Amino acid sequence: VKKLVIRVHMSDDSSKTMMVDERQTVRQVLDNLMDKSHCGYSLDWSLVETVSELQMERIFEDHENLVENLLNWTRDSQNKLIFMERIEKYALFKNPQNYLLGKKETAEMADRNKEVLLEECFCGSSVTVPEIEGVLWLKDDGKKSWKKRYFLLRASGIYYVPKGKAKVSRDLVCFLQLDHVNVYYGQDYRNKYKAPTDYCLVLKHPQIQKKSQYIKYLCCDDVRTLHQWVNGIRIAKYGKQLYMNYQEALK
């Protein structure tokens, strides 16, 4: 089993090398990062990749084979790995009442009922995602201009209406199937793409590493809409496996 030394940027901009092997999940790699750094355990420690050509980043899911993802990088990639606490990773699981009923409206829930609610959504014969709908900005292909379109998340991918800026259901066409796209956060898209706000998500194939028309750029009204959409997209991509990651992480 092949070994690889990766370089990881820590929370204070310093960097460390460490050996990983081709069988390891991100979870296993993070467990090592935690041991060697003496940072103390927590389900919120995360491994984050930047895609340098495209100024965006994602938190890997813990079940993912690290080495396999890294092979997607170009030979001369300036992508970085970053080891930092990210609350975004398990927010959804800590407070599911805020994502799985929506109800953008934010609220408490008793622990035991959080538990029931995740069981209902993730543990049946299939994942029962509640659908996310709302207007969002879509960057024009290869241009720094945006347009409001209405969006709808089904278990079968993202859909949208290409005509106008309103909810017209019969005119929902495939916007993007999720099987072979990861979802990222864009960094400072306000400036780089003249985004209407900074609350931006990006969908692309793992293998695309530079400018491409097949990269989809979305901008949200506020940080809540951003969170709901990213979590929703994550459920519909990864399903019950997200739940298993959380259960496993929560030592």
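Heads up: numbering here begins at 1 and tracks the sequence.
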### Message
Membership question, hydrophobic clusters at under 4.5 Å side-chain separation (ILVMFWY): are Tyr217 and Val135 in the same one?
### Response
no
### Query
Do you reckon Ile6 sits in the same ILVMFWY cluster as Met84, going by side-chain contacts under 4.5 Å, direct or chained?
no
### Task
Drop me the distance from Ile82's CD1 to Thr50's OG1, to the nearest 0.5 angstrom.
5.5 Å
### Message
What I'd like to find out is whether the side chain of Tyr90 reaches to under 4.5 Å of the side chain of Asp62, using heavy atoms alone.
### Response
yes
### Message
Distance alone, cut at 3.5 Å: any donor-acceptor contact between the side chains of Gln97 and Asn113?
### Response
no
### Spacing of CG belonging to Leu43 relative to NZ belonging to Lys89, to within rounding of 0.5 Å
7.0 Å
### Task
Assess whether atom CZ of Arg190 is packed by more than 12 heavy atoms of other residues, nucleotides or ligands within 6.0 Å.
no
### Spatial distance of atom NZ (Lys139) from atom OH (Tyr193) [nearest 0.5 Å]
6.0 Å
### Task
Tell me, with the steps shown, if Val168 and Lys163 meet side-chain contact (heavy atoms from CB on, under 4.5 Å).
CA-CA 9 Å; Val168 181; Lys163 217 309 293 290; over 6 Å; no
### Summary
Looking only at heavy atoms, the pair that brings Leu136 and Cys220 closest together is CD2-SG, 3.5 Å
### Message
Would you compute the distance between atom CG of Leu153 and atom CD1 of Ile235 and round it to the nearest 0.5 angstrom?
### Response
8.5 Å
### Query
If every non-hydrogen atom of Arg27 is compared with every non-hydrogen atom of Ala249, which pair is closest and at what distance?
NH2-CB, 3.6 Å
### Task
Side-chain contact test, heavy atoms from C-beta onward, threshold under 4.5 Å: evaluate it for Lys143 versus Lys194 and give yes or no.
no
### Message
If we ignore hydrogens and angles and just use 3.5 Å, is the side chain of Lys114 paired with the main-chain N or O of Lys94 as donor and acceptor?
### Response
yes
### Message
How long is the straight-line distance from CE of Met56 back to CD of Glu49, given to the nearest 0.5 Å?
### Response
10.5 Å
### Task
Walk me through it: do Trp229 and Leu218 pass the test side-chain contact (heavy atoms from CB on, under 4.5 Å)?
CA-CA 10 Å; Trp229 274 102; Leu218 297 169; over 6 Å; no
### Message
Within the 4.5 Å heavy-atom criterion, are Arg58 and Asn69 side-chain neighbours or not?
### Response
yes
### Message
Using the rule that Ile, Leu, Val, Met, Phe, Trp and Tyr join whenever any side-chain heavy atoms are under 4.5 Å apart, tell me whether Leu172 and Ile132 fall into a single cluster.
### Response
no
### Task
Group every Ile, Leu, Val, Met, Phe, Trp and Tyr by side-chain heavy-atom contacts under 4.5 Å, then state whether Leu176 and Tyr185 land in the same group.
yes
### Message
Closer than 3.5 angstrom, by distance alone: can the side chain of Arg149 be matched with the main-chain N or O of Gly164 as a donor-acceptor pair?
### Response
yes
### Query
To the nearest 0.5 Å, what is the distance between CG (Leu242) and CZ (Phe93)?
5.0 Å
### Message
Keeping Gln241 on the side-chain end and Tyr238 on the backbone end, is there a donor-acceptor pair under 3.5 Å?
### Response
no
### Query
With a 4.5 Å limit on heavy-atom distance, are the side chains of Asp221 and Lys148 in contact?
yes
### Message
For the NZ atom on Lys80, are there more than 12 heavy atoms of other groups (residues, nucleotides or ligands in this structure) within a distance under 6.0 Å?
### Response
no
### Message
A quick test of your reading: do over 12 heavy atoms of other residues, nucleotides or ligands sit less than 6.0 Å from CE of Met34?
### Response
yes
### Task
State, with a plain yes or no, whether a side-chain heavy atom of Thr197 is found less than 4.5 Å away from one of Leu226.
no
### Task
Consider only side-chain N and O atoms of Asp171 and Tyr150, and report whether a donor and an acceptor are under 3.5 Å apart.
no
### Query
Do the non-hydrogen side-chain atoms of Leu4 and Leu66 ever get within less than 4.5 Å of each other?
no
### Message
Salt bridge check, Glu88 against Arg234: does any charged N sit closer than 4.0 Å to a carboxylate O?
### Response
no
### Summary
Nearest heavy-atom contact between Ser156 and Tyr159 is OG-OH, 3.1 Å
### More than 12 heavy atoms from other groups under 6.0 Å of NZ on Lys165
no
### Query
Distance-only, no hydrogens or angles: does the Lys216 side chain make a donor-acceptor pair with backbone N or O of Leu203 under 3.5 Å?
no
### Message
Within a 6.0 Å radius of atom OH on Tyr41, are there more than 12 heavy atoms belonging to other residues, nucleotides or ligands?
### Response
yes
### Query
Parallel, tilted or perpendicular: which fits the ring planes of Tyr246 and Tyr243, with parallel below 30° and perpendicular above 60°?
parallel
### Query
Where do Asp141 and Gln213 come nearest, in terms of heavy atoms and distance?
OD1-O, 3.7 Å
### Side-chain (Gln28) to main-chain (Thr25) donor-acceptor, under 3.5 angstrom
yes
### Task
Please say whether more than 12 non-hydrogen atoms of neighbouring residues, nucleotides or ligands are located less than 6.0 Å from NZ in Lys210.
no
### Query
Is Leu47 reachable from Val183 through a run of hydrophobic residues whose side-chain heavy atoms are each under 4.5 Å from the next?
no
#### Entry: Short side-chain to backbone donor-acceptor contact, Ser14 and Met10, under 3.5 Å
no
#### Entry: Contact check, side chains of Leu152 and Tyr160, non-hydrogen atoms, under 4.5 Å
no
### Query
If you look at every heavy atom in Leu30 and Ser46, which pair is closest and at what distance?
CD2-C, 3.5 Å
### Query
Under 3.5 Å, side chain of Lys237 to main-chain N/O of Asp179, donor-acceptor pair present?
yes
#### Entry: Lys/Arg N to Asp/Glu carboxylate O, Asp222 vs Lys104, below 4.0 Å
yes
### Query
Given the rule in the side-chain contact (heavy atoms from CB on, under 4.5 Å) test, do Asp188 and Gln55 qualify, once you have shown the distances and angles that lead to the verdict?
CA-CA 8 Å; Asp188 189 40; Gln55 211 179 285; 3.9 Å; yes
### Query
Is the count of non-hydrogen atoms from other residues, nucleotides or ligands lying under 6.0 Å from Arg154 atom CZ greater than 12?
yes
### Query
More than 12 non-hydrogen atoms from neighbouring residues, nucleotides or ligands closer than 6.0 Å to NZ on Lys167, yes or no?
no
### Task
Taking all non-hydrogen atoms of both residues into account, name the closest pair between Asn79 and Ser52 and its distance.
OD1-N, 2.8 Å
### Query
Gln207 versus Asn72: any side-chain heavy-atom pair under 4.5 Å?
yes
#### Entry: Test side-chain contact (heavy atoms from CB on, under 4.5 Å) applied to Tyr99 and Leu117, step by step
CA-CA 11 Å; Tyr99 303 81; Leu117 181 65; over 6 Å; no
